[PDB]
Structure formats: structure tokens, C-alpha cells
Ligand code: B12
């Protein structure tokens, strides 16, 4: 392989695959912080070209963290279909980009082809895509999963109801649930980040979520986003099991930071199978986001886009119902502004769909980042055109407890009615019977939580 | 637990759950042979009522072979969703029957409910079902899977191309393939039963099947139905992997008879994931049929319907692409005549669909059974109305090396055009492009294998 | 009339309506340059609220340039339906915003209501709208016009073919036309910006455009975007008249800068009616963009958003076939970066549609602005979802004589196939007959200009 | 006339024609979340958008604001800082916020008590308000707690521009058995005074991972009251010493 190109008469040399992968990234603050970014636009383009000219084999055989050193690498490499790999191994990344984008490439063509990829190869493709490339490419790669609702069907758009409270107050959680449902949010999941990581509290929060679900016979699932171990314990002790959640990181060291062993995710699937109130076969829920590996000092010189792709490779092994990046959840040190947050959201979603996972996005920003709510509204709509499986919903997007701004309940209704998209069909039926939705559109009586009383 | 009832003033007492399960069956030669059948019609009806009044808990807690003594029982029991079981455990088998048949019970309702069942409970439901019950019940329980084709979608109907030869002659095999395809057969699988169980021969047969598949870009999959171990070995050494097959039995003793270990089906799954040319997530193929356990001395005093259901509990663990009973494959000692073979076919299919597997049927009979081709045609149509996922196809149904009569290629085209059913959507598209099919119907030029030359 | 509010205990007072209009704007470089921007985020929000509580009558009665001193103000004010105005005059800008966004407000409701507005009121609404508001509001305000193609029908999306050359070389122009058409670009207009503003050259360029149009019987229209007077002169002397173009400014002073009199647009209308090859009733084409007035010294202390709205009030008087903002045509001094250019694009389009004109957008940026092609791709997709009537098309978006980057021909095909939008129905029929389009999608043979040879 | 920062603005019900308007007020009372603001089509109502924008403008200011050097001194606190020199650099360089500057290390060994059982560290982190508003309410009872029926309490000090991981270095330098950090978490839209406690048993820069820490979050008058939180942190400290473990390695 070549680690070198000549651009405008000048030679641009790179040390290894890892460097090419990193410097090919569109400019972001995290790459600069990691020390791995290109020095200029010229070096960035040179990196893109070098990368585009590398084969699938070049990138597959050079994972950013070595096989013997990393259990995530091992999991990713060991999940490769070697027959599918052998077919494409001599393709250039340029050819793979064009293949993904081609109108003559079907969903079924990609279904086999993606099995010959690794996360690094998935990342490589994203790095040489424009914003429209990422959107169009992602759109023609639907990924459909099923819990008590079906998610990811083209022409549909789902949303997580995120009814968080500063004290896990059940009346406050309930109030937000009723508000979200009145806007048609919650077909992805009704999922709460709890304040206290504790079995009594987890059960109480789950009891509250499922009290509403059972009262109104809602086709959906509940979730409490505590550490996976405590969810499992709660469910084993008799709490209602819907989706089981874990935040993940794309390296072994990153997982250790999060306190996660792969064995826990195996156990999560086994507990789901024994206990969980789920009709379909998918019941896991992962969250991800650029910068997490870097924060953990667990990127090993790799850029945050490659590391995020490795999250999806790990996630794919467990065939989850839903995954979302939390695109601007952390701060400006990893993604500084509107431009960077949008780009990362498009990258993350594209990479997830290429990896064959049920990819959504928490379109979000923090108050110490160079961003505002118009960014969330920009990105949510772009990703919706990309076939994003789901976003979050909170009242006006104001998380009173996680201290950031996500998308409003309003925004899911806006997206759906703007683009003629429906909820999950199971959830849509329920909304119709409740008188909340008619023909994909909020009725007059919708958006009013008192409807449930 | 009541093991007794009064019928016309006469007290009918049975010893245990197993005897109730056995005697509740409709009359068949296998049960009489097994010494487990009713002594009279009245006793049969008494057994049916006693069974009807037994609970899910009664049957679940009393499998025909003990947990500690039988690995199939263990696999079945350890796969139960205990939350789903807890919801239904106090239901009578009568209530469960009415539940399955109710138009107020949705596919998603059954999706969760079935996870609370064991195979014995599945059997119990079938035993108190009439023929129309079995058909209508099965129809409202679709099971959909995906290899390179999607099978099981309501409104579709698939077929295995079974191009068997006395000497595994590649020219004979190819002839029957071209013939099958010209009738639109082969969307389930192109699957050959080889006469010689060795790697070289397996690879040569696979080469022939995949020669045709590759030349015409056929969306389907190939399979050579040797022992699991030879299939794996062939595929590891580079032969094209499509579906991986194994015949199964509903007891540990029966698996031993067959020479199979559960570990082999585990390996088959992993070998599929590394090697196999499959776009979708399903790649295993099982065959089953009433009588096999009884033949193996491995029914442990249980009737052949209950044992057959246990096959589906086994199969479900491995989430196969396809399963079919081979309904009248063996002889009159287990299913004697038209009536018994039809009843068995309806039972097998219903139980398969209730168990949540991709259930088809080889509608067939032997020449030493009290049956003929008109029976095959009766059963294939009835099962088609039940939403049977697939049947077999051979030239006029005459298998020249397995020595029995299955369904003709003609029969799949007849069924589709009679009932307005389509092939697998991927395969249908291929047929349309070949000029073999238009609007679900054979074109004038169809039915002519020379079309491929 | 309140010109004051209290925000967080701090009293915010503004001098007049104009200062309220200016400071209510989202931050942009143009406003700071004009000295009219807010001094803080709090003041911006205070300005927004004060504006929100002002009535339609407050804004209508206080245009940024006086009636007696400005002919554009006069044209705007004299075009008001006073019955419509009387119905809404006491509405707050807050109520008008909620009115426009309400799903209970129909297209026909807005049809009458908008006639009661002036451009300043249109601006005021946009100033208190979020990005999603601007997009959803615009989408529910379709504006449809007809030349030889119909543009603006919901579910459609048009594109100007912009085949510009450094030397007006007819072979270069034709090359780009054949390229544009092969991607399905040109249903809005085939419009060339000439380097030399004389009749002979205008006629030769028109001859080239209409040479292509006539040979292939293309339903579209041509245009050469010289000064109005040269277009008229060329057309009177026998050159093919399609659309007649003029760039406009929102003040009398600004029109003077441009060298245009209102009388010229009157003559253009009449010349169109006598000479032009147009089946429908619309034949005028205006371009606009934030900053032009400020550049001309003709903003009179008003912000560039309010002045831009005044362009649409001007344009609406002449019922043009098409209008587009040229959003980032000038430089960073008026719109600095991605964020500001997107916001401006959304504002411009919303205001255009609210004004009842056939509003499109040249999604573009310059090389001395803080922007790149990914910005163009972000904005074009967002605007497409807003029902933007048309964008530009050039080969990869590179204009070789206007020295800026607009959208690629690729981008229109991407948008259409991403969002399931069609071309103008007349043009789509032509594309289908050329074999370039099927069911809204580029055929295999599309994207190849040699198809016309 | 309405001030968007007022209680009336915060209590505003916006739902147009309510099915049951008394339920709405009860819902609005039950949460600090922005429920019951209604809609215009699928979009937010104007007043709701305006208050959102007002709160954001004020939120942005809270990320940039710094506690006076005089206030830290007035609390009787030693002020030390990380490698970060200013607020702008803090936001973009977390790696420097996780490390004491050269003079900070020396000042700790000079001025703090060596080898304490429980070391209390305070830092502005991402929110100054989280420190200033809550300080007098949490610190006294916490110190009095670790002393009363307690053990060898360290001397409390303020770290400017601190990130959570800095407590590992602080633990090694002072030889502390338990290190308690009280730090400002990132400001919310409508709240800035949310404090969190990150506590760890016998940390080591080279081996300590994030999961080794126990977190107590959302400390404030709208979450867990500082006074009530102080008693939780004391009991947490006792348990850490008894078990010789923290974070995920603790029992129950
Ligand atoms: C931002 C954030 C994160 C980021 C941290 C990365 C970063 N910031 O660089 C990401 C997104 C990576 C993250 C991940 C997780 N987080 Co977190 N996080 C937050 C959040 C919103 C902000 C924390 C903050 O502002 N810290 C202040 C600043 C100054 O500290 P910092 O040095 O800049 O950042 C450090 C801490 O944020 C720390 N951290 C972040 N989350 C968590 C969670 C735990 C248990 C620990 C020990 C440390 C920790 O990581 C950084 C160390 O360098 C809080 C909510 C809140 N209102 O505080 C939740 C919160 C602290 N996180 C929570 C949880 C549970 C998690 C996860 C365990 C999720 C899961 N279910 O698996 C994971 C694993 C965390 C880990 N072990 O590393 C809980 C803590 C529950 C508890 N009482 O123990 C909180 C309170 C949210 C909630 N559920 O209510 N999170």
C-alpha cells in the first residue's frame, strides 16, 4: 500500500494507516486536542486521497488497536464474514464509497457486503464522503429492528421519550411522559436516566413508566439508563424489563473506564430473553458518541471518528433494538460548534447504518459549546432525510437534570409532518385510537397531556 | 391437577400428563404401534377434555422426558420467557386454544405469548384443535425469515428445489434445477440429498448448484443435506456455503441415534457466520417428522405428535431460515393413510408456527403407505391456505433416489396461481427478469428448462 | 406602542421600530458591520419580545424608509389589500407567527392574510422564528407559477441550469447545458450570466440556449442575465425571449445603484407579452440577497433581513415566474460562516414564500467566506424540505466566471431521489421520453451529456 | 408586560383549548420541566420560544463567570489551580484541567495535612454558581461530619479550572485514603447551581479508572439539598474506608 501522495507538486507523506484515517477527517476540535488532525486543508485532502486509494484489505488488516491487545478489536475481527471480505478485499475505499452510493447497489447487495467490513473500513468510507454523501448513502441503507414497536422502516421516524427528573420524582417523570405521548413521542422507548443507581429506585422509576404503558395499552418499551449491572439486578428482582441499556466505548480500555465487561452484555441478552416484556427479538439499547474514547485516554492515537465506528462494530455483535450517538453531549473540546456537530451527526448515523445497526441520533449540544437550539433543528431535519431511526424528545428539549439541550417533542411532530413520515406502525395505531394522530398529523386535541385524564 | 373426567356417566381416569397427551391425539397408526393410543373414541374425547382443563403450568411442569435426563428438555425449558410464562401459567389449554384462534389476538400478542410456552404445551393446543382450527390458527401466526430470499410473508409461498440423483450425477442434478427454476421453484433453497457423504462429493454438488446460481445471478441459496459435520468440513475447505442442514429428533436419545450433538449446531451457526454466502441473518435448515423418535426407541412412552413439537422447541433455539416436517416420509406404521397424513401435516405446521419457527412441509407419502399423489395435492393446498412457508419441488414429484413421492414443480405454480400467492419477493423479481413470471403467473415461455440455454 | 421590556430585572429600551427589527435578528456579520446589531444575547431576546408584542399596525405604519422618499416603500404600501390588513392590524407579531405555523391555518387562509402584510411585517415574523419554524412555515406556504414549466407544486423540485463561461464561449455554454440536462437540471430556466453586456452577444448566447431547447423540444425557458435594457433590446430585435431578468434592491437608492427604474420592469412585462416564447402567464426572473442594500449605502440604518424582505414586496408587484436569493454570493462581511448562511437562506426563503412569490435559493458561498461545499449541501437539503422552489445547477457547482461555489447538477438529483420529489411535470415528461428519468430517478444512462449526441 | 425570567413566565400554561385545565396546572406544578406550553401546529408557542431564548442567553453567561479570588480567600480556602491559565483554555483543554500546575503540587505538600483519611477538594469545574450558591450549606456539615464520630480529616482547598480526574493526582500527592471532589457540573438551560461529588478510594493516576469513582450528582435546592447531601457524602466516606473500595467495587 501507499502512504504517500503528491498534491500540487508537493509530496504528502504519512506514517501509517492510523495517521491517514485521522487526518482525513473534516476539521474538529477533538482531533486537534488528540493531536492527530491535519495541519491544513491541503494535508487533509492529501490524506483523503491516500485513504481513498487504500484497499479494504489495507484498512481491515490495520485496526487502530491490535488484535492481541484489544477485546473489541477481537470481537470486530472475529465477526467478519470472510467470504464477503474476500470478495471486496482488493476494492479501494474510493470504489467502496461509490458502491455504497450507487443506485444500482440494492439494500440486499449492501446486506452481504457490510459483513466483509470492519469498523475501520466503515470509518474510512465516511471520511471521504461529503455531507450529502453521508445523508444519501445512509438513506439507502435502512436497518429495521423490532421490540414492541418496529423501528427503521423507510417512511417512518421514531422518538425516545426522555422524561428525566432531578430527583427521579415520579410525578415529574409521569408529567413528562403524558406530555411526550401527546406529541406522539415514545415509539422508540420511554427511557429515563436515573439520579440514583439503586434497585429500589430503578424499580420505582420502571413502575412509573409501565404504570402508564399498562393503563393505556401502549405499544412501546420502558428503560432505565443506569449501569447495566443494576438494571439486570433490578429485573432479576422482578422489575419490568423493557430495553436494557449500556453506554459503550470502542476499545477495551474504554470499556474498563465505563466499568463494562463484554460478559455483562452477554448476560444482558440472556436476562432479556428470560424476563423482558418484549414481543420482537431485539431488546438491547446502546448509546455512543465521539470523544468518549479520547476522554478515557483509550483512543491510542486514533481519531474519534474511527473510535466511534468501532462502537458500532461492537454494538452490531449484540443486535440491539436501538443505538444512538449522543452527538454533542460532552462539550466543545470534542465538537466545537454547529458545523462540527452537524458533520459528526451525519458521520455517526452513516457509519451506524453501514455497520448494520438500528442507528438514531440524540441531536444535542451543551451550553458551553458554540451552539444553540437552531443547530438541533438543523441537524434533526438533515438526519431525518437521511432515514435516522429516531431522536430524543423532552419538553422543549430542556433536560432539567442532564444539563443540556436535546430536541423537543414538538420537533418529532415537525419532522414527521414536514417530511410525511409516520411513527412506528404499532405506535401509530395507538396514537390514532387515542385520537392524538390522524393520517400522520397531530389532531387538534393533541399536544395536551390532559387528554390522558 | 385433575387427571379424570366423567363422560356419559362413565368415569375416565388417566395416569399422568403424558398419557393424557397421547390419548387426546386423533387416531393414527404410530400411536397404536407405540401402545399409547386411546382404546375408544369416548376415551379420546375424555382425554381431550381432561387436557383442555389442564393449565399451561400443568403441562409445562410435566415434560414427557425429565429435565436432568434430557438435553432437549433442558434447551426447551431454559429458553422460556418466564415473564410471559407467568402471565399464562394458570390458563387452561382450552383458554389458550381460544386465545390463539381469536381475531382479537394479534400477531404481536402471539409473539410475546409463545415465548411463555414449552413444546408440550404447543402439542396440547394442537391436540384439541380441529383441522380448520389448525389451518386458521397457523395462518394468523406468520413466521418470517431471511437468507438471500425472504420467506413467510403472508401472501407469498416458497418452494425447495430438490434435485436428487441416484449417483449424484451433476448433469442429472443440473437438469432438474433448470426444470425447477422454469416453474419458479427454488426460493426456499436448492437442496440436494447426496448419496455419498464425503467432502469431495459435497463440494462437487455445491459447485454444480452454485454454478447455476452464479451464472444467472439467482437470489437463493444452495444446500447439500449430508451430516452437519461433512457440510462444515466442506465449507471450511472452500466449498460455497448456503444453508446448513441437519435432521433433528425431540430427545437426547434420538439425537444420539442420528449421531448429532447440540454443539454441532452451535458450530454450524458460527461457520455460517464466517463462511456462508447469505445476505440475511438466517442460514440453518432442519427437517423433522412424526415417528422418528418412536423409531429410535427414544419417545419414552410419548406420542409422536408431542415428540414432533419438541423438535420445534429444539429448532427454535437456533433460529433457522427454514424448517419442514417430512410428513409421510417413513411409512404406514406411523401414519397409515390419506386422513392421518393430512392431519399430521396440519398438526406439524400449526405446532411449528406456534413455536415461532419458519415452518414448511414436505407433503409426501411412500409407496407402501395407503396413499397416492391426490393426497399430496389435497395437503399442499390445505397447507398453502394455512400459510405454509414452503413445500418441496421435484419433476412430477418423483424422487429417484429417496424412493417416495413429494410435490411436483407444477404444484407450486398451481398453488400460487390458485391462491394469488407470490414467490419470495427477491426471487419473484429474478423470475420476472428471466421472463418466467408476470404478475405472479407463469408466462407462456415458462415450464421450459431449455429457456436457460 | 411599547418600545421597552424588562428582562431578568434589566430594563431594555429601544429607540424605534427599526432598531427593534435590527436587533431582533440572529447574529450576523452584516448587522454588526451596519452598526445595527444587538450588543448582547439578552438584548437580542429583549428585542425579540418587544417585536413579538408589537402589532401588525405598528410595523406596517413604520416602514424603514419613508413613503414620500422611497418608491419601493410606495409600491409595497400601495399593494396592500386594506380589507385583509384591517382584519389583522391589531394582531401581535407573536400571534401572526403562531397563525402562520398553525396546522389549522390553510394555504387559502394565508393566501388572503398575506395580502394584508407589508415587507417589514414579513420580516418581523421571520425574526422571531426558529430554524424549524422557518422551514415548516415555508413548507405550508407553497407558491406556484407557470412559464413553459410549472414550478412550486408541493412534491416537486426545480433547478436553474447555470451554464456560465469566462468568454461567453458558445461551445462551453452548450457543454454545460448538455451536462445539466443529463442530470435533469433546467426546469426552472436555462440562464446564462454573460461577461459582455451587448445585444449581439446576448442574441448569440440566446441562440445557443434555444438551439438546444428547439432541437430536443425541451419544455423550459432560456434567459441571459444582462441588464434589463439589453435583454429588451435584444428581444425587440428578434432574439428568442424566455425569462426576462433583473437583480433588485429594497430601496430607491439601491435601485439607482443598480441602474434600474421601476418603469423598466413595466416595459419588461409588456415586452414579454408581445415577444416571449412562454406558454404560461409568468415570465419575469429576479435575484436578491442579504447585504446588497448595505453595500449600496441604501439600507438607511436598517438591517439586511428587513431590506431583503422589501425585495420580495417589490418582486411580488410584478408576479415573476421565479425569484431566488443568492444567499452567500457577496462575502463574509455580510454573512460570515456556515451558521449565518444557513440561517439567512431559511429566512430569505420563508420571507419570500410569505410574500407570495415563487421563491428559490442559490445555495452558495465564496472562497473568502468561512464556508465550504458541505455547507451548500446542508442548506440545499434543509431548503428542499422547506419546499424551496428551485436551486442552481453547475458542473460540481464550480462557476468559472462568477468565482463562487453553488450547487452541483448532482445535488438536484440527490435532493429529488432523497426526498421523493419530482421535477416540474412538463420537464419530467421530457426527461422520461429522453430516457434520462424513470419514476423520478436517474436512469443508468443519465448523467452522460453524450446521450444527446 | 411580562419579564421572561419571572415566576409568572415560568408558570405559564400555553395549551390552547385544554381537555382538563386543572390537570394541566397540577402537571405544571409537579415538574421543573417545560411542560404544558402548548403549540402552534407542531411548533412551540411564541412565549415558550422567547423564554427558552432568554434562559439560554443567561445560561451562556454562567459558563464563563468566575468566582472572585477574594471570595475563595474569604471562605478561608487555599486556592490552587490546574495547568489551565484561563476560562477559554479550560473549555478546550480537558487534559490540562486534569493536571495540577508545577506550583500547585508544591503548595499542596506545603500547606495541606499529610496522609489524611478523607480529603475534601472543591473546584469550580464547569459551573461557578454550583460552588458559590451551595458552599456554606454543604461544606460546614461535611467537615463537621467527618470529624464528629470521625477520623483524620484533610484540609479543604479550592482548585481553579479543575477536572474530575485531577483528584487522582491530589490523592497520590497527599497520600489520601479517600478523595472527595465537589465540582460544578455543566450548566443547564435554566439552572446553573447543580453540584456533583466525585469520590474515590486511594486513587492512582496510572491505574484508576472512572468506574472506580462514586458519583453524587444534582446537589442543590432543586435536587438533593446540600445539607442533606453532606450527610450522604460522610456516610459514603465511612463506607469507602470500611470496604477499602469505591465506585463499582463497592457492595450493595
Ligand atoms: C457529561 C457526562 C458524561 C460523559 C463523560 C465524558 C466527559 N464529560 O468527558 C459521558 C457521555 C462520556 C458519560 C458516560 C457515562 N455516564 Co455520565 N454524565 C455526564 C454528565 C451529563 C456531566 C458530568 C459533569 O458535568 N461533570 C462535571 C465536569 C467538570 O467533570 P469532567 O472532568 O469535565 O468530566 C468527568 C465526569 O463527567 C466523569 N463522568 C461522567 N459521567 C460519569 C458517571 C460516573 C458513574 C462517574 C464515576 C464519572 C462520570 O467523566 C469525566 C472524567 O474525566 C452527568 C450529569 C450531570 N448533571 O452531572 C452524567 C452522569 C454523571 N453520568 C452517569 C452515568 C451512569 C454514566 C454512565 C455510567 C452511563 C451508563 N449507564 O453506563 C457512563 C459511564 C461513565 C464512566 N464511568 O466513565 C450518571 C451518574 C450516576 C451515578 N450517580 O453514579 C450521571 C449523573 C447522569 C445520570 N444518569 O443521571 N457521562
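Heads up, residue numbers simply count up from 1 along the chain you see.
Every residue, even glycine, has its Cβ placed from backbone N, Cα and C.
Pulled from Swiss-Prot:
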type: BINDING; residues: C:160, C:161, C:162, C:193, C:287, C:362; note: substrate binding site
type: BINDING; residues: C:194, C:246, C:295, C:401; note: adenosylcob(III)alamin binding site
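Within the set of binding-site residues (C:161, C:401), the lowest number of other Cβ atoms found within 10 Å of a Cβ is recorded at C:401. Here the binding-site residues are C:287, C:362, and the one with the most other Cβ atoms within 10 Å of its Cβ is C:362.
Residue C:295 (adenosylcob(III)alamin binding site) falls within a helical segment according to DSSP. Residues C:160, C:161, C:162, C:193, C:287, C:362 make up the record's substrate site, and a Cβ search at 8 Å around their centroid adds C:189, C:191, C:225, C:324, C:392, C:406 from the same chain. Remark: of the binding-site residues C:162, C:246, C:295, the most isolated position is C:295 (fewest other Cβ atoms within 10 Å of its Cβ). Reduced to three states, the DSSP call for residue C:194 (adenosylcob(III)alamin binding site) is coil.
It is 7 Å from the Cα atom of residue C:287 (substrate binding site) to that of residue C:246 (adenosylcob(III)alamin binding site).
Summarising the environment of residue C:160 (substrate binding site), the number of other Cβ atoms within 10 Å of its Cβ, over all protein chains shown, is 29. Using CA atoms as reference points, the binding-site residues C:246, C:295, C:401 were checked against residue C:193 (substrate binding site), and the closest is C:401. A simple way to gauge crowding: the CB of residue C:194 (adenosylcob(III)alamin binding site) has 20 other CB atoms within 10 angstroms, across all the protein chains here.
Around the Cβ of residue C:193 (substrate binding site), a 10 Å sphere holds 19 further Cβ atoms from the protein chains shown. DSSP assigns residue C:162 (substrate binding site) to coil, not to a helix or a strand.
Spanning the residues C:160, C:161, C:162, C:193, C:287, C:362 that the record associates with binding substrate, the maximal Cα-Cα distance equals 15 Å. Recorded residues residue C:162 (substrate binding site) and residue C:194 (adenosylcob(III)alamin binding site) have their alpha carbons 11 Å apart, per Cα-Cα distance. Under the DSSP three-state reduction, residue C:246 (adenosylcob(III)alamin binding site) is assigned to strand. Residue C:295 (adenosylcob(III)alamin binding site) sits 19 Å from residue C:362 (substrate binding site), taking the C-alpha atoms as the reference points.
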